[PDB]
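# Descriptive analysis of the structure
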Amino acid sequence: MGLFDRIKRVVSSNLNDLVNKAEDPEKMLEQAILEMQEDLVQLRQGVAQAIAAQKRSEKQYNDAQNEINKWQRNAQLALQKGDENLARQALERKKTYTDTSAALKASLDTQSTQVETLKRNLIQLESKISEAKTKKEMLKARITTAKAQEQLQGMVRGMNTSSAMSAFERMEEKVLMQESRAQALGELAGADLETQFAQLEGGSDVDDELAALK
Amino acid sequence: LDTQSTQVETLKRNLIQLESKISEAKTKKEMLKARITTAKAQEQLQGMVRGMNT
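For the structure given in this document, a descriptive report is provided here.

## Some details on the overall build of chain B
Counting its secondary structure elements, chain B contains one helix and zero strands. Compactness check: chain B gives a C-alpha radius of gyration of 23 Å against a globular reference of 10 Å for 54 residues, more than 25% above the reference. Viewed in the frame of its principal axes, chain B has a C-alpha envelope of about 75 × 15 × 10 Å. Burial analysis of chain B (54 residues in total) assigns 7% to the buried set. With an accessible surface of roughly 4,900 Å², chain B has 59% of that area assigned to carbon and sulfur atoms. Here chain B holds 10 positive side-chain charges and 6 negative ones, and the gap between their average locations is 13 Å.

In structure tokens form, the structure reads like this:
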């Protein structure tokens, strides 16, 4: 039911956000590296197994290829007594083992191609994981810069946005009001309005003195 | 390495600017603290207007 669909999507949209809430950028990146490295270990284990299988199948081909001559040796040692049937059967078995050796050598070349194309694979993927870790470190440094950076920025007078910055602005406005009051007391008092203006400005006397001395 | 060079230079500029800001802010802090110290006693000592005690 559409009702059930929409109610389920509604319930997922809260777990999803709690999960996004308990996300920490730096700390989280660690797994993205650990698991990559572990599965890299698995992949290189497989690569090694392929290498080993080829290096093991080389055994039978080596046996058969050295045998392609050991059989001539056996045939010679047999005909040295004057028997030709034994040397002839040695030739037949040598032909059999030579066909086996040829098939195994073709298979060995094929596995050589496979292992080289598997060598290229692993080199590329190791390079990728390594460069990825380099980026991981640089970006983790980025995160560490940003985290504190956003608690510390310019002191724009028209915002607080922070603990040490909201304390500063508050005491600043407190300073301003305090000085305003301090000037207000005299501004509120005064011997006479003309006395207040004379206090503000000396008058023609000071202008004349400035002109004369100057 | 060139990309990280750009990053570290843009991170060098960041820190220089923010250090300048905190330093100038401390300068203002000191001057305003002197202001406060002036005012605190200043308001206990002013003209002797005959029409108030205060």
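## Comments concerning the packing of helix α2 (residues 25-79) of chain A against helix α3 (residues 84-149) of chain A
Residues and elements named next belong to chain A. Between α2 and α3, whose axes approach to 7 Å, the crossing angle comes to 165°. Relative to α3, the element α2 is oriented roughly antiparallel. Crossing angle aside, the handedness with which α2 passes α3 is left-handed. Residue classes in the contact of α2 with α3 are distributed as 29 nonpolar, twelve polar and eleven charged.

## Digging into helix α4 (residues 163-188) of chain A
Across its 26 residues, α4 of chain A extends 37 Å between first and last C-alpha, which sits within 8% of the 38 Å expected from 1.5 Å per residue. Among the residues of α4 of chain A, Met-165, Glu-169, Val-175, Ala-182 and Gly-186 of chain A are the ones counted as buried. Where α4 of chain A is buried, its residues meet α5 (193-200) of chain A together with α1 (2-42) of chain B. A positive phi of about 145° marks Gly-190 of chain A, the residue just after α4 of chain A.

## Let's talk about the side chain of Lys-94 of chain A
Residue and element names in this part refer to chain A. Considering the arrangement of structural elements, one finds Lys-94 in helix α3. Lacking a salt bridge, the buried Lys-94 has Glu-92 as its closest oppositely charged neighbour, with an N-O distance of 11 Å. Among residues more than four places away in sequence, those in contact with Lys-94 are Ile-68, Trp-71 and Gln-72.

## Details of the interface of chain A and chain B
The interface of chain A with chain B comprises 19 residues on the first partner and 14 residues on the second. At the boundary of chain A with chain B, the tally comes to zero salt bridges. Applying the counting rule to chain A against chain B returns one residue pair in polar contact. Of all the secondary-structure elements, those providing two or more residues to the side of chain A that touches chain B are α3 and α4 of chain A.

## Some details on the environment of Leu-125 of chain A
Turning to its location among the elements, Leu-125 of chain A is positioned in helix α3. On a C-alpha basis, the gap between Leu-125 of chain A and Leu-40 of chain A in space is 8.2 Å, while along the polypeptide they are 85 residues apart.

## Here's the deal with the pattern of salt bridges
Should the charged atoms of two oppositely charged side chains come close, the side chains can pair. Residue and element names in this part refer to chain A. Within this structure, the stated rule accounts for nine salt bridges over all chains. With its nearest N and O atoms 3.5 Å apart, the salt bridge here joins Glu-30 to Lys-140. Of the two residues, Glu-30 sits in helix α2 while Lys-140 sits in helix α3, which places them 110 residues apart along the sequence. Exposure remark for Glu-30: the relative accessible area of 43% places this residue in the partly exposed category. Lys-140 gets classed as buried once you look at its relative accessible area, which sits at 17%. Here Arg-88 and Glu-92 are joined by a salt bridge, their closest N and O atoms 3.8 Å apart. Of the two residues, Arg-88 and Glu-92 both sit in helix α3, four residues apart, roughly one turn of that helix. Residues joined in a network through salt bridges with shared partners are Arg-157, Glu-169 and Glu-172.

Procedures and definitions
- Per-chain numbering applies: from 1 upward along each written sequence, possibly unlike the entry's numbering, with residues missing coordinates excluded.
- A letter from A marks each chain and a number from 1 marks each ligand, given out in the order of writing.
- Any value you read here covers just the chains shown, which are one part of a larger assembly.
- Excluded from the side-chain calculations are hydrogens and water; all other atoms, namely the structure's heavy atoms, are used.
- We count a stretch as a helix when DSSP gives it H or I for four or more residues in a row; a strand needs E for two or more, and each element gets its number in order from the N terminus.
- Both definitions apply: the radius of gyration is a C-alpha atom measure, and the globule rule equals 2.2 Å times residues to the power 0.38.
- Buried, partly exposed and exposed residues are distinguished by accessible area as a fraction of the type maximum, computed with a 1.4 Å probe on protein chains only: under 20%, between the cut-offs, and over 50%, respectively.
- Note on areas: Shrake-Rupley with a 1.4 Å probe; residue coverage comes only from the protein chains shown.
- Note that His is not counted, nor are the chain ends; the positive residues are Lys and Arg, and the negative ones are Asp and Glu.
- The atoms used to mark charge sites are NZ of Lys, CZ of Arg, CG of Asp and CD of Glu.
- In this analysis, axes come from line fits to C-alpha atoms, helices being fitted only over the stretch in contact, and the angle between any two N-to-C directions falls in the range 0 to 180 degrees.
- Orientation is classified from the angle alone, with under 35 degrees giving roughly parallel, over 145 giving roughly antiparallel, 65 to 115 giving roughly perpendicular, and any other angle giving oblique.
- Each crossing is labelled by how the near helix is turned from the far one, with a counterclockwise turn of less than a right angle marking it left-handed and a clockwise turn marking it right-handed.
- Here the term charged refers only to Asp, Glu, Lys and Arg, the term nonpolar to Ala, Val, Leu, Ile, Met, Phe, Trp, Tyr, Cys and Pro, and the term polar to all other amino acids, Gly among them.
- Here, expected helix span is obtained from the residue count minus one, scaled by 1.5 Å.
- In this analysis, two residues are considered to be in contact whenever any of their non-hydrogen atoms come within 4.5 Å of each other.
- One side-chain nitrogen of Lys or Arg within 4 Å of one carboxyl oxygen of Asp or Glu is enough to make a salt bridge.
- Polar contacts here mean pairs of N or O atoms no more than 3.5 Å apart (in protein, one a potential hydrogen donor and the other a potential acceptor; neighbouring residues in sequence count only if both atoms are side-chain atoms).

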